[PDB]
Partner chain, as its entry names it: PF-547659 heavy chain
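The chain below stands alone and is given in structure tokens; this is the form deposited without the partner chain.
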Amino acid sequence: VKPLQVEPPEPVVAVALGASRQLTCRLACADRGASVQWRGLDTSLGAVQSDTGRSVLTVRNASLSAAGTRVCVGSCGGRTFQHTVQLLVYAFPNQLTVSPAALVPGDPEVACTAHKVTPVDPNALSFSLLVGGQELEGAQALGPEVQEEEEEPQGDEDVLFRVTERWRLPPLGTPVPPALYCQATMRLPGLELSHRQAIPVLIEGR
């Protein structure tokens, strides 16, 4: 084991907007004068260093600004040790809006919008159009359109995105499915978050 240990130890640690996370950095040192510093965003925020054997970095009610690279540096008898960890702050969408809200066999397209989300990148954020618990074959994804939340309103701060996937639909076939589903999935280190929303298929029009 190394003399400097951080818990949790993963190189990237995700925390939801509004949640909390604690990172504890421990330095084992037989000598006096051992110091532990948390920084990584200095300068911008500032670094904090004390002579001690344990320093705890605590994010409470996280904002998007809490995001970035953190470095714990421990100094023991002329030697320095380090641990670098990315704090990733995400907001999983709190609402999905489908358009049209219900489908009719013959509708050529359906859009699914995730509200107040970040990150928006496709390596993390994914949209699926499902019939049953399977992807609807023949559904052509037009590609996510990203807009900022859009003229934000009162409350707090932090800018989030609105992301819309759209699919050109294949014929639903027959027997006609009772429903399709849009699922937005966010995959981050150690996490998979999902929101599946029913899309009624009105066989008789409407």
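Residue numbers count along the first chain shown, from 1. The term rigid core refers to the most C-alpha atoms you can superpose between the two forms while keeping them within 1.5 Å.
Another form, the form solved in complex with the partner chain, is not on view; read the next lines as being about it.
Novice: Would you kindly say which of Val73, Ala91, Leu96, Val131 lies with a heavy atom within 4.5 Å of the partner chain in the entry with it bound?
Specialist: After the contact test, the surviving option is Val73.
Novice: Based on heavy atom distances of 4.5 Å or less, which listed stretch (77 to 85, 131 to 139, 114 to 122, 97 to 105) is in contact with the partner chain in the entry with it bound?
Specialist: Of the options, only 77 to 85 has residues within 4.5 Å of the partner.
Novice: Taking heavy atoms and a 4.5 Å cut-off, does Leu180 contact the partner chain in the entry with it bound?
Specialist: Result no; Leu180 lies far from the partner chain in the entry with it bound.
Novice: So in the entry with it bound, does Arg168 come within 4.5 Å of the partner chain, heavy atom to heavy atom?
Specialist: Contact with the partner chain, no.
Novice: Is there any non-hydrogen atom of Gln37 lying within 4.5 Å of the partner chain in the entry with it bound?
Specialist: Yes, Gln37 lies within 4.5 Å of the partner chain in the entry with it bound.
Novice: Looking in the entry with it bound, any heavy atom of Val146 within 4.5 Å of the partner chain?
Specialist: So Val146 does not count as contacting the partner chain.
Novice: Core-aligned, between the shown form and the other one, one residue among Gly78, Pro108, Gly132, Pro122 moves its CA by 2 Å or more. Tell me which.
Specialist: Going through each option, the one that shifts is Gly78.
Novice: Using a rigid core superposition, assess whether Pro178 undergoes a CA shift of 2 Å or more between the shown form and the other one.
Specialist: No, because once the rigid core is superposed, the C-alpha of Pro178 moves less than 2 Å between the shown form and the other one.
Novice: Note yes or no: does the Cα of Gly68 move by 2 Å or more between the shown form and the other one after the core is superposed?
Specialist: No, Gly68 moves less than 2 Å.
Novice: If you line up the core, does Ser50 shift 2 angstroms or more at its C-alpha between the shown form and the other one?
Specialist: The answer is yes; the displacement is at least 2 Å.
Novice: Tell me whether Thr52 and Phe81 end up closer or farther apart in the entry with it bound, going by their C-alpha atoms; the shift is 3 Å or more.
Specialist: Relative to this form, farther apart in the entry with it bound.
Novice: Are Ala47 and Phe81 closer or farther apart at the Cα level in the entry with it bound than shown, by 3 Å or more?
Specialist: Those two alpha carbons end up farther apart in the entry with it bound.
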